[PDB]
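Participant: So that we are looking at the same thing, I have put the structure below in structure tokens.
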Amino acid sequence: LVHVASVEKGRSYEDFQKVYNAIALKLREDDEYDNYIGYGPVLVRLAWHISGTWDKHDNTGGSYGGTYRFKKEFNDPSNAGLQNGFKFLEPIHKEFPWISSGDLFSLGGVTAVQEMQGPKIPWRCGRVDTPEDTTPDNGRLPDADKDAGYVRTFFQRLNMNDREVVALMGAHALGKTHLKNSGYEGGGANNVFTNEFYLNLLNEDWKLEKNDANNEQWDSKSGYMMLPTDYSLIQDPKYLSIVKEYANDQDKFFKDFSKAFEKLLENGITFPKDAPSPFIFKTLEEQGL
Ligand code: HEM
Ligand SMILES: Oc1cccc(F)c1O
Ligand SMILES: Oc1cccc(F)c1O
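Be aware that the sequence shown starts at 4, since it is given in the authors' numbering, and climbs by one per residue.
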């Protein structure tokens, strides 16, 4: 199964920068959401969940087809709460109806990372909407009540290695868990992208507690939280090495996250040899906007 990127007709960097800017301006405007976290973190999760359905074995799922717009996928229990991201993006979809759904969802994640002072994430256009019958079934996204071996095996399906897994999980320094969505509660409630996930793992005093949904989670003296799968990154010696690396080198972490996140968002997509080079969007701050 081949999905060839096809540039939206006549569109170029300037067009997508406009879309980026509209998302970024709305991120700034809609500041109240989730107790003033704003929509950045949920947009990042949305980009990841639309991409994370991919299966390297048969090229099913993946960001290309924009299939989250269909009920089977938007009602996946694994996707509970992402409807907030979808609603945020609705007015952008309306202003720019030419951008494909996969392009929009993934560009929402790029924009969020950047505007939250994260690394630049190069991004390619050309995802093409595919029909409802191409929507992947529920159950391809990961469980949180599992161990390091589960995580490692899980991410092999997405063609991610240990370094890529550990880098991607640094996004758990964004936002929070919400009991009603996932059965976990708490987190940093951060909206600025840092390597704090790694520092907190190493430096906080963690206790394994049960939350109000009767699930186990790791809670810190100082008010942070880690899922069992997060904490597994310091229980496995290979992951622990990499955690320490990223805790001690912000720039390395940013660079590795950027590569892994772009890869995640592009899995399944064949880019023609004469496709445009990836775009690197300027932040509103860089533009003086
Ligand atoms: C083993 C893999 C992972 C598991 C089990 C996992 C699980 C979870 C869960 C249970 C939540 C809370 C959802 C809620 O209650 O609202 C969450 C939130 C989040 N996840 Fe993950 N996740 C994983 C990997 C990733 C990756 C790879 C990224 C992106 C690179 C990501 C980004 C996020 C973000 C940004 C949030 C916060 C959303 C918000 O504040 O609304 N996660 N994740
Ligand atoms: O209908 C939509 C709303 C938000 C984002 C999209 F990509 C849509 O197709
Ligand atoms: O463990 C977490 C997962 C997602 C977001 C957070 F803030 C967390 O502490």
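Idealized CB from N, CA, C, for every residue including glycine.
(1) Going by beta-carbon coordinates alone, are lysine 149 and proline 44 separated by less than 8 Å?
(2) To the nearest whole angstrom, what separates the beta carbons of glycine 271 and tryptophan 57, a pair I think is in contact under 8 Å?
(3) From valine 47 to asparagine 162, what does the alpha carbon distance come to, in whole angstroms?
(4) Would you tell me roughly how many angstroms separate the C-alpha atoms of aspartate 18 and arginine 127, rounded to the nearest one?
(5) Answer yes or no: the CB of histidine 181 versus the heavy atoms of ligand 1, is any distance below 7 Å?
(6) Can you tell me where the beta strand (DSSP E) with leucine 30 in it begins and where it stops?
(7) I believe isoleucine 124 touches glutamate 265 by the beta-carbon criterion, under 8 Å. Please report the beta-carbon distance rounded to the nearest angstrom.
(8) Sorry if obvious, but does the Cβ on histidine 175 come closer than 7 Å to a heavy atom of ligand 3?
(9) Just to confirm the assignment, what range does the alpha helix (DSSP H) spanning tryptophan 51 have?
(10) Which value, in whole angstroms, describes the spacing of the CA atoms of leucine 202 and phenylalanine 157?
(11) From the DSSP output, read off the bridge partner residues of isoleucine 272.
(12) CA-CA distance, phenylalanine 89 and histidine 96?
(13) Between which two residues does the alpha helix (DSSP H) holding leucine 205 run?
(14) Buried or exposed, going by whether 16 or more other CB atoms sit within 10 Å of the CB of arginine 143?
(15) How many Å lie between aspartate 61 and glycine 105 at the Cα?
(16) For a test of your reading of the model: does the CB of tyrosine 227 fall under 7 Å from any non-hydrogen atom of ligand 3? Yes or no.
(17) Fully enclosed by the segment 156-243, which alpha helix (DSSP H) runs are 4 residues long or longer?
(18) Which residue from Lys258, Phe73 and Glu98 puts its Cα closest to that of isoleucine 26?
(19) Mind checking whether the beta-carbon of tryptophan 126 lies closer than 7 Å to any heavy atom of ligand 1?
(20) Tell whether a beta-carbon distance below 8 Å holds between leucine 267 and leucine 177.
(21) Determine the direct distance from the alpha carbon of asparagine 206 to that of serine 225, and round the result to whole angstroms.
(22) How far does the alpha helix (DSSP H) with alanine 115 in it reach, from first residue to last?
(23) Using three-state DSSP, classify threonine 133 as helix, strand or coil.
(24) So if DSSP puts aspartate 58 in a beta bridge, which residue, or which two residues, is it bridged to?
(25) Does DSSP put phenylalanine 282 in a helix, in a strand, or in coil?
(26) Suppose contacts are defined by Cβ-Cβ distances below 8 Å. Is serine 54 in contact with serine 109 by that definition?
(27) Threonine 273: buried (16+ other C-beta within 10 angstroms of its C-beta) or exposed?
Facilitator: Checking against the coordinates, here is how it stands:
(1) It is not a contact, given that the beta carbons lie outside the stated cut-off.
(2) Contact holds; Cβ gap of about 5 Å.
(3) Those two C-alpha atoms are separated by around 20 Å.
(4) Those two C-alpha atoms are separated by around 13 Å.
(5) Yes, ligand 1 has a heavy atom inside 7 Å of this Cβ.
(6) Unbroken run through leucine 30 is the alpha helix (DSSP H), 16-32; no beta strand (DSSP E).
(7) With a Cβ gap of about 6 Å, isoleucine 124 and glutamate 265 count as contacting.
(8) Because some heavy atom of ligand 3 lies under 7 Å away, the Cβ of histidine 175 counts as near it: yes.
(9) Where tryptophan 51 is concerned, the enclosing alpha helix (DSSP H) starts and stops at 43-54.
(10) Their backbone Cα atoms lie some 24 Å apart in a straight line.
(11) Answer is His6, bridged to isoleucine 272.
(12) So the two alpha carbons sit approximately 10 Å from each other.
(13) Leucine 205: member of the alpha helix (DSSP H) spanning 199-206, first to last residue.
(14) So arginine 143 counts as buried.
(15) Each residue's alpha carbon lies about 19 Å from the other.
(16) Because some heavy atom of ligand 3 lies under 7 Å away, the Cβ of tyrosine 227 counts as near it: yes.
(17) Those alpha helix (DSSP H) runs which fall completely within the segment 156-243 and span 4+ residues are 165-172, 182-185, 199-206 and 231-238.
(18) Scanning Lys258, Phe73 and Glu98 for the CA closest to the CA of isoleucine 26 turns up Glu98.
(19) Every heavy atom of ligand 1 is 7 Å or more from the Cβ of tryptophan 126, so no.
(20) Contact flag unset, no.
(21) Roughly 11 Å separates the two Cα atoms.
(22) If you look at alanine 115, you'll find it in the alpha helix (DSSP H) that goes 104-118.
(23) Of the three classes helix, strand and coil, the one that applies to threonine 133 here is coil, per DSSP.
(24) Under DSSP, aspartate 58 takes part in a beta bridge, and its partners are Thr63.
(25) In the three-state reduction of the DSSP assignment, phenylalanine 282 falls in the strand class.
(26) The answer is yes: Cβ separation under 8 Å.
(27) Looking at its Cβ environment, which holds fewer than 16 other Cβ atoms inside 10 Å, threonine 273 is exposed.
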